[PDB]
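Below: the structure, in structure tokens.
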Amino acid sequence: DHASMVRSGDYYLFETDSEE
Amino acid sequence: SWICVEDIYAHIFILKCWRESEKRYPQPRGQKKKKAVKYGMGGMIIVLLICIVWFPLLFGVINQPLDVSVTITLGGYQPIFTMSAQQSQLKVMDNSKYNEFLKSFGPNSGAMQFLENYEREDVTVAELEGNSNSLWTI
Amino acid sequence: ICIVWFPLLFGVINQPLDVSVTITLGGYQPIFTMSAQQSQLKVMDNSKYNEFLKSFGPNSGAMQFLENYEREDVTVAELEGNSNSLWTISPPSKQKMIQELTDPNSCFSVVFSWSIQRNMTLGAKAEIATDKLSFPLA
Amino acid sequence: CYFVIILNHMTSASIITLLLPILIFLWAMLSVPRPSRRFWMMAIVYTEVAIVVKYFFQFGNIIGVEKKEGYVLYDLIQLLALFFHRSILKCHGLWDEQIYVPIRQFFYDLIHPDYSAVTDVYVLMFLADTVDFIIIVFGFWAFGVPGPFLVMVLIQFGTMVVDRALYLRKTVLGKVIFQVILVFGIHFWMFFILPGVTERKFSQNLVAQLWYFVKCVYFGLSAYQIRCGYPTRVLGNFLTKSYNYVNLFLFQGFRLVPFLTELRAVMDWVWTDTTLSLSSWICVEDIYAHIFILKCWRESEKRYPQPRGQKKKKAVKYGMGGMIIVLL
Amino acid sequence: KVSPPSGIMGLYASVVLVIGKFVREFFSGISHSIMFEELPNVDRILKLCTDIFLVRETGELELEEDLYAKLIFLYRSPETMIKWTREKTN
Amino acid sequence: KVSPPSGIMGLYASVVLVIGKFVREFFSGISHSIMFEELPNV
Amino acid sequence: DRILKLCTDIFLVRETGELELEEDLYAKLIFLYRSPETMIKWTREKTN
């Protein structure tokens, strides 16, 4: 769903990986 | 505290209304935003803006003289000549005579276009016959 | 209420000192002129003012028009008999008049006019009040 | 020769010196490699016929086809420039090389070319349009509270909006159609309506002359953009790729215009294939602008570091303080 | 040809500039008010406000104070508001 | 009876609307500034 | 630099036309601005 997925943010998006 | 509670309640209610709306009329995924609603909202904003800035920038009958009068005097004495005319010695220029008027200024350099602003009605003449009406009684 | 409302927050009787009438024929010297000052100016007697009030008894709808006034803001002006000044147009102007009266083609105008000079230590909007009417003749 | 013809037309409001620049803006600047010899020959013989005809009427109107006085200087310079161009084309190898079919084929190969040297010149077009807007708004003090300048600035705003619209969609047919409409509209409105209503002779209104000149410059820029083509990346902002004082100050000045930034965002959103509501678009643009300004300031403070808490230099402190004081 | 009978520019310019400044508020300060707009499943906060209103209607003011404290602390920390307004999918 | 001697509506309406907009700031954007007001032991 | 990176990726994806990635990145950015602590954790100095 558009409205369901547009707000599917959580902590695991901003991990300390920075995989370069 | 009362004002804070009322503000919170109003915003939460509006958000709840929008949530229920987007639940009742779902859209599958990121396909597009329908051109109809986009054009509608864009044109609405455009017309609103142009009405705010532009509409504040939005914002003859011919007559003939009934009486004419002339007075000539010498210094600070009683006028030597005075004469008035009304509706009889007031000649409206005959159409043919008005044409001879128009071409009479042929050899003129730059005063013809000055009179071309008028017609054969807003230009008349006033006759003043002979002697002065009143006496000269100094 | 002070912010929205307070921005929405925001006679002496006189008598005319001079009266004058002038009747003239077309564009010549006035045939009649007469002025009155403080002697031929009658203030209506109270009893006579009552006979004035009931004189318009059979009138339909002009009584309430005058009920706005009192027995002081309504006076009368007497003009005795002959004209004060003479009638001194030139004899050729006399001929011009008498011969411009005979022609049945054009018309001829008779115009009456009146002026009221009213001002004293008390100041008004305009010191002079003047108006005139014009007529053709049979 | 383009400029001399445009000047000859700006100095004389006749109808022949009007027929020629239309062909300039619709036929010359739209041929693919270079204007053909046919157009140059037609322009030469047209100037010849114009000079001959203007000569005859010296023996014996309301539109002002000719004044029949003074000189024919501009026609002479026009003819000399045309023959100069012809001669220097013949010096090289450029010279020497029922009616619906040719125009159809021409416009078809223009819209569907074998190859397209894509390039972006939209910023120059917008600069010309905003200079024209400055001229048309400062004309309020001098020429056409007045009536004509109102619809003038209205159609100017409309043409700028629809031009940005055409640019976003990267369409070419729309651009040529808009060019064809706009050239006729501007020319007819400027040389058949303006000089009459609340206006003296057009040859004496300097503001209208400069307006027409910059509008011809815009026409040329648009014709060039059509001739080359459109690239595939037309989304990024015009001045957000340097992170310098020039970019920061020009960006602040651009944001200082009252009704330009939000109008830009709305116009970009309404003609872009996206999936966000208007509120989300505005939020994204706001975030991007603030983050860009912060990035500029970070790069600045990186390039000109200061050791520690020694002081704030008295010069800049006094400058900013006095500036605030004089402003207040 | 007599025609029958038929400062403010400064006020116009001023009101236009003021309206422009007011319009800018819809585009320059939106990123600040994101913690209070993008909220799914606001049912719990609406529940809490309705309980506050109902308790105020009844007259048991102690529960009113407790619920108001809870709501204030909710709006006083974004992380617990995220934890409190999850989608609740089961 | 002569009495002795004794545009702005637009300015009034405009200033009233502006003052209303300013008053709204005390009621529409208060929930935002809660993280900086309800503070004990400052 | 990371937030500017995310915004540039949003713009580039919008230019291309793969709107699903646009939605994902917009969700990520919204959640970034929806919590200050993860924004602090996300905008560290990155000194090495």
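Residues are referred to by chain and number: the chain letter is A, B, ... according to the order shown in the structure tokens, the number counts from 1 in that chain, and ligands are numbered separately from 1 in the order shown.
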
I'd like a table as a Markdown table: residues in chain D with an atom no more than 12 Å from chain E, each row giving the shortest atom pair and its distance in Å to one decimal, only C-alpha atoms counted, sorted by chain and rising residue number.
| residue | atom | partner | partner_atom | distance |
| --- | --- | --- | --- | --- |
| D:145 | CA | E:9 | CA | 9.8 |
| D:255 | CA | E:24 | CA | 10.0 |
| D:256 | CA | E:21 | CA | 10.3 |
| D:257 | CA | E:20 | CA | 9.3 |
| D:258 | CA | E:20 | CA | 5.5 |
| D:259 | CA | E:20 | CA | 6.5 |
| D:260 | CA | E:20 | CA | 10.0 |
| D:261 | CA | E:27 | CA | 8.6 |
| D:262 | CA | E:27 | CA | 6.6 |
| D:263 | CA | E:27 | CA | 10.3 |
| D:264 | CA | E:27 | CA | 11.3 |
| D:265 | CA | E:27 | CA | 9.3 |
| D:266 | CA | E:27 | CA | 10.6 |
| D:278 | CA | E:27 | CA | 11.0 |
| D:279 | CA | E:30 | CA | 9.0 |
| D:280 | CA | E:30 | CA | 9.9 |
| D:281 | CA | E:27 | CA | 10.1 |
| D:282 | CA | E:27 | CA | 6.3 |
| D:283 | CA | E:31 | CA | 5.8 |
| D:284 | CA | E:31 | CA | 8.2 |
| D:285 | CA | E:27 | CA | 8.5 |
| D:286 | CA | E:28 | CA | 6.1 |
| D:287 | CA | E:31 | CA | 6.1 |
| D:288 | CA | E:31 | CA | 9.9 |
| D:289 | CA | E:28 | CA | 9.2 |
| D:290 | CA | E:28 | CA | 8.9 |
| D:291 | CA | E:31 | CA | 10.9 |

Could you please take those selected residues and save N, CA and C atoms as a PDB file, in the first residue's frame?
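As a result, out35.pdb now contains:
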ATOM      1  N   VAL D 145      -1.853  51.174 -12.982  1.00  0.00           N
ATOM      2  CA  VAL D 145      -2.883  52.148 -13.327  1.00  0.00           C
ATOM      3  C   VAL D 145      -3.195  52.157 -14.837  1.00  0.00           C
ATOM      4  N   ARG D 255      16.114  33.062  -3.038  1.00  0.00           N
ATOM      5  CA  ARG D 255      15.082  32.819  -2.038  1.00  0.00           C
ATOM      6  C   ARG D 255      14.470  34.102  -1.491  1.00  0.00           C
ATOM      7  N   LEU D 256      15.124  35.249  -1.678  1.00  0.00           N
ATOM      8  CA  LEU D 256      14.580  36.504  -1.175  1.00  0.00           C
ATOM      9  C   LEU D 256      13.403  37.014  -1.995  1.00  0.00           C
ATOM     10  N   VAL D 257      13.226  36.525  -3.218  1.00  0.00           N
ATOM     11  CA  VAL D 257      12.055  36.929  -4.003  1.00  0.00           C
ATOM     12  C   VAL D 257      10.798  36.400  -3.321  1.00  0.00           C
ATOM     13  N   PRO D 258       9.753  37.214  -3.148  1.00  0.00           N
ATOM     14  CA  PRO D 258       8.610  36.761  -2.334  1.00  0.00           C
ATOM     15  C   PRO D 258       7.871  35.563  -2.906  1.00  0.00           C
ATOM     16  N   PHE D 259       7.479  35.611  -4.177  1.00  0.00           N
ATOM     17  CA  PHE D 259       6.608  34.581  -4.729  1.00  0.00           C
ATOM     18  C   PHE D 259       7.292  33.772  -5.822  1.00  0.00           C
ATOM     19  N   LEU D 260       8.546  33.386  -5.605  1.00  0.00           N
ATOM     20  CA  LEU D 260       9.301  32.664  -6.620  1.00  0.00           C
ATOM     21  C   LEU D 260       9.658  31.248  -6.199  1.00  0.00           C
ATOM     22  N   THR D 261      10.097  31.049  -4.956  1.00  0.00           N
ATOM     23  CA  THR D 261      10.562  29.729  -4.542  1.00  0.00           C
ATOM     24  C   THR D 261       9.411  28.732  -4.462  1.00  0.00           C
ATOM     25  N   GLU D 262       8.353  29.079  -3.729  1.00  0.00           N
ATOM     26  CA  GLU D 262       7.215  28.174  -3.622  1.00  0.00           C
ATOM     27  C   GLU D 262       6.538  27.968  -4.969  1.00  0.00           C
ATOM     28  N   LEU D 263       6.483  29.010  -5.799  1.00  0.00           N
ATOM     29  CA  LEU D 263       5.957  28.844  -7.147  1.00  0.00           C
ATOM     30  C   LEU D 263       6.824  27.886  -7.950  1.00  0.00           C
ATOM     31  N   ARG D 264       8.145  27.994  -7.803  1.00  0.00           N
ATOM     32  CA  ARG D 264       9.041  27.062  -8.475  1.00  0.00           C
ATOM     33  C   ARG D 264       8.777  25.632  -8.026  1.00  0.00           C
ATOM     34  N   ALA D 265       8.618  25.421  -6.718  1.00  0.00           N
ATOM     35  CA  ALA D 265       8.392  24.070  -6.213  1.00  0.00           C
ATOM     36  C   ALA D 265       7.068  23.507  -6.713  1.00  0.00           C
ATOM     37  N   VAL D 266       6.011  24.320  -6.696  1.00  0.00           N
ATOM     38  CA  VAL D 266       4.710  23.859  -7.175  1.00  0.00           C
ATOM     39  C   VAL D 266       4.782  23.509  -8.656  1.00  0.00           C
ATOM     40  N   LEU D 278       1.653  16.912  -2.522  1.00  0.00           N
ATOM     41  CA  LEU D 278       2.270  18.234  -2.553  1.00  0.00           C
ATOM     42  C   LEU D 278       2.990  18.536  -1.246  1.00  0.00           C
ATOM     43  N   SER D 279       2.416  18.106  -0.119  1.00  0.00           N
ATOM     44  CA  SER D 279       3.041  18.359   1.174  1.00  0.00           C
ATOM     45  C   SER D 279       4.391  17.662   1.275  1.00  0.00           C
ATOM     46  N   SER D 280       4.461  16.408   0.827  1.00  0.00           N
ATOM     47  CA  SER D 280       5.728  15.686   0.849  1.00  0.00           C
ATOM     48  C   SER D 280       6.756  16.357  -0.050  1.00  0.00           C
ATOM     49  N   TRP D 281       6.323  16.832  -1.218  1.00  0.00           N
ATOM     50  CA  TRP D 281       7.227  17.537  -2.118  1.00  0.00           C
ATOM     51  C   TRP D 281       7.790  18.787  -1.454  1.00  0.00           C
ATOM     52  N   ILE D 282       6.919  19.572  -0.816  1.00  0.00           N
ATOM     53  CA  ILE D 282       7.365  20.793  -0.155  1.00  0.00           C
ATOM     54  C   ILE D 282       8.329  20.466   0.976  1.00  0.00           C
ATOM     55  N   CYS D 283       8.032  19.415   1.743  1.00  0.00           N
ATOM     56  CA  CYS D 283       8.923  19.019   2.828  1.00  0.00           C
ATOM     57  C   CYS D 283      10.295  18.629   2.292  1.00  0.00           C
ATOM     58  N   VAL D 284      10.322  17.855   1.204  1.00  0.00           N
ATOM     59  CA  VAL D 284      11.594  17.429   0.629  1.00  0.00           C
ATOM     60  C   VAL D 284      12.386  18.631   0.137  1.00  0.00           C
ATOM     61  N   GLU D 285      11.718  19.570  -0.534  1.00  0.00           N
ATOM     62  CA  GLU D 285      12.422  20.744  -1.039  1.00  0.00           C
ATOM     63  C   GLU D 285      12.969  21.593   0.102  1.00  0.00           C
ATOM     64  N   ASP D 286      12.185  21.756   1.167  1.00  0.00           N
ATOM     65  CA  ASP D 286      12.636  22.523   2.323  1.00  0.00           C
ATOM     66  C   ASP D 286      13.868  21.883   2.949  1.00  0.00           C
ATOM     67  N   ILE D 287      13.804  20.568   3.170  1.00  0.00           N
ATOM     68  CA  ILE D 287      14.936  19.840   3.729  1.00  0.00           C
ATOM     69  C   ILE D 287      16.165  20.011   2.852  1.00  0.00           C
ATOM     70  N   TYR D 288      15.998  19.856   1.537  1.00  0.00           N
ATOM     71  CA  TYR D 288      17.139  19.942   0.637  1.00  0.00           C
ATOM     72  C   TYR D 288      17.761  21.329   0.665  1.00  0.00           C
ATOM     73  N   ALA D 289      16.932  22.375   0.683  1.00  0.00           N
ATOM     74  CA  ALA D 289      17.467  23.732   0.708  1.00  0.00           C
ATOM     75  C   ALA D 289      18.252  23.990   1.988  1.00  0.00           C
ATOM     76  N   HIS D 290      17.681  23.619   3.138  1.00  0.00           N
ATOM     77  CA  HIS D 290      18.390  23.862   4.391  1.00  0.00           C
ATOM     78  C   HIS D 290      19.681  23.058   4.464  1.00  0.00           C
ATOM     79  N   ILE D 291      19.646  21.801   4.020  1.00  0.00           N
ATOM     80  CA  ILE D 291      20.846  20.974   4.069  1.00  0.00           C
ATOM     81  C   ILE D 291      21.911  21.525   3.133  1.00  0.00           C
TER      82      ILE D 291
END

Self-check item: Contacts of residue 27 in chain F within 8 Å, only C-alpha atoms, excl. fewer than 5 positions in-chain, as a PyMOL selection string
Solution: chain B and resi 3-4+7

Could you please take those selected residues and save N, CA and C atoms as an mmCIF file, in the first residue's frame?
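New file result.cif:
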data_model
loop_
_atom_site.group_PDB
_atom_site.id
_atom_site.type_symbol
_atom_site.label_atom_id
_atom_site.label_comp_id
_atom_site.auth_asym_id
_atom_site.auth_seq_id
_atom_site.Cartn_x
_atom_site.Cartn_y
_atom_site.Cartn_z
ATOM 1 N N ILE B 3 -5.105 25.371 26.587
ATOM 2 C CA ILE B 3 -4.838 25.674 25.185
ATOM 3 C C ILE B 3 -3.984 24.582 24.556
ATOM 4 N N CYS B 4 -2.982 24.094 25.291
ATOM 5 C CA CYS B 4 -2.138 23.025 24.771
ATOM 6 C C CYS B 4 -2.957 21.769 24.500
ATOM 7 N N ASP B 7 -5.135 22.284 21.401
ATOM 8 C CA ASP B 7 -4.320 22.251 20.192
ATOM 9 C C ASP B 7 -3.959 20.820 19.822
#

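Proximity to chain C at a cut-off of 7 Å picks out residues 84, 85, 86, 88, 131, 132, 133, 134 and 135 of chain B on chain B, counting only C-alpha atoms.
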
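Residues within 7 Å of range 29-36 of chain B, counting only C-alpha atoms and excluding same-chain residues fewer than 5 positions away, are residues 1 and 2 of chain A; 273, 274 and 275 of chain D; 19, 20 and 23 of chain G.
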
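Look at range 27-32 of chain G: the protein and nucleic acid residues within 7 Å of it, using only C-alpha atoms and passing over chain neighbours fewer than 5 places away, are residues 6, 7, 8, 9, 10 and 13 of chain A; 38 and 39 of chain G.
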
Exercise. From a DSSP calculation on the backbone, collect every residue of chain A in alpha helix (DSSP H) and output the set as a PyMOL selection string.
Key: chain A and resi 2-6

Practice problem: Kindly determine which residues of chain G lie within 8 Å of chain E, considering only C-alpha atoms, and give the answer as a PyMOL selection string. | Solution: chain G and resi 30+33-36

Export N, CA, C and O atoms of the chosen residues as a PDB file, in the first residue's frame?
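Done, and the output landed in again_20.pdb:
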ATOM      1  N   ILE G  30      12.120  10.866   6.048  1.00  0.00           N
ATOM      2  CA  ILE G  30      11.090  11.271   7.000  1.00  0.00           C
ATOM      3  C   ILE G  30      11.404  10.715   8.380  1.00  0.00           C
ATOM      4  O   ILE G  30      11.335  11.430   9.386  1.00  0.00           O
ATOM      5  N   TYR G  33      14.250  12.754   9.980  1.00  0.00           N
ATOM      6  CA  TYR G  33      13.784  13.985  10.612  1.00  0.00           C
ATOM      7  C   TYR G  33      12.721  13.758  11.678  1.00  0.00           C
ATOM      8  O   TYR G  33      12.304  14.728  12.318  1.00  0.00           O
ATOM      9  N   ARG G  34      12.280  12.524  11.894  1.00  0.00           N
ATOM     10  CA  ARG G  34      11.252  12.244  12.885  1.00  0.00           C
ATOM     11  C   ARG G  34      11.826  11.793  14.222  1.00  0.00           C
ATOM     12  O   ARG G  34      11.061  11.422  15.117  1.00  0.00           O
ATOM     13  N   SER G  35      13.146  11.818  14.382  1.00  0.00           N
ATOM     14  CA  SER G  35      13.784  11.416  15.635  1.00  0.00           C
ATOM     15  C   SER G  35      15.137  12.101  15.736  1.00  0.00           C
ATOM     16  O   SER G  35      16.032  11.860  14.911  1.00  0.00           O
ATOM     17  N   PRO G  36      15.329  12.968  16.730  1.00  0.00           N
ATOM     18  CA  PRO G  36      16.610  13.682  16.842  1.00  0.00           C
ATOM     19  C   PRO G  36      17.787  12.789  17.195  1.00  0.00           C
ATOM     20  O   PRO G  36      18.908  13.057  16.746  1.00  0.00           O
TER      21      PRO G  36
END

Quiz item: Which residue out of F:31, F:14, F:41, F:6 has the minimum interatomic distance to chain B when only C-alpha atoms are used?
Solution: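 Closest residue, counting only C-alpha atoms: F:31.
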
Exercise. Can you pull out every residue within 10 Å of residue 70 in chain C, counting only C-alpha atoms, but drop anything in the same chain fewer than 5 positions away, and send it as a count of residues only?
Key: 3

Practice problem: Identify all chain B residues at most 12 Å from chain E by counting only C-alpha atoms; ligands do not count. Present them as a ChimeraX atom specification. | Solution: /B:1-2,4-20,22-23,45,48-57,59-65,117-123

Quiz item: Can you list, as a ChimeraX atom specification, every protein, DNA or RNA residue that comes within 12 Å of residue 78 in chain B when you count only C-alpha atoms, leaving out same-chain residues fewer than 6 positions away?
Solution: /B:71-72,134-138

Could those selected residues go to a file with N, CA, C and O atoms, as a short mmCIF file (atom, residue, chain, number, x, y, z; two decimals), in the first residue's frame?
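What ended up in selection.cif:
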data_model
loop_
_atom_site.label_atom_id
_atom_site.label_comp_id
_atom_site.auth_asym_id
_atom_site.auth_seq_id
_atom_site.Cartn_x
_atom_site.Cartn_y
_atom_site.Cartn_z
N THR B 71 -15.52 90.27 -22.64
CA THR B 71 -15.39 91.57 -21.99
C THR B 71 -13.99 92.12 -22.25
O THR B 71 -13.00 91.46 -21.93
N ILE B 72 -13.92 93.31 -22.83
CA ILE B 72 -12.67 94.02 -23.04
C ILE B 72 -12.70 95.28 -22.19
O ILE B 72 -13.68 96.03 -22.21
N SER B 134 -24.47 96.92 -23.06
CA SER B 134 -24.57 97.94 -22.02
C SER B 134 -23.92 99.24 -22.48
O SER B 134 -23.22 99.29 -23.50
N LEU B 135 -24.16 100.30 -21.72
CA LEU B 135 -23.59 101.60 -22.02
C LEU B 135 -22.17 101.68 -21.45
O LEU B 135 -21.59 100.69 -21.01
N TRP B 136 -21.60 102.89 -21.46
CA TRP B 136 -20.30 103.16 -20.87
C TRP B 136 -20.49 104.37 -19.96
O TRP B 136 -20.51 105.51 -20.44
N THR B 137 -20.62 104.12 -18.66
CA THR B 137 -21.13 105.14 -17.75
C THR B 137 -20.15 105.51 -16.64
O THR B 137 -20.54 105.66 -15.48
N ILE B 138 -18.87 105.69 -16.98
CA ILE B 138 -17.92 106.15 -15.98
C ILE B 138 -18.15 107.63 -15.71
O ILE B 138 -18.71 108.36 -16.53
#

Practice problem: Just need the residues of chain G within 12 Å of chain B, counting only C-alpha atoms, so spit them out as a ChimeraX atom specification. | Solution: /G:14,17-24,26
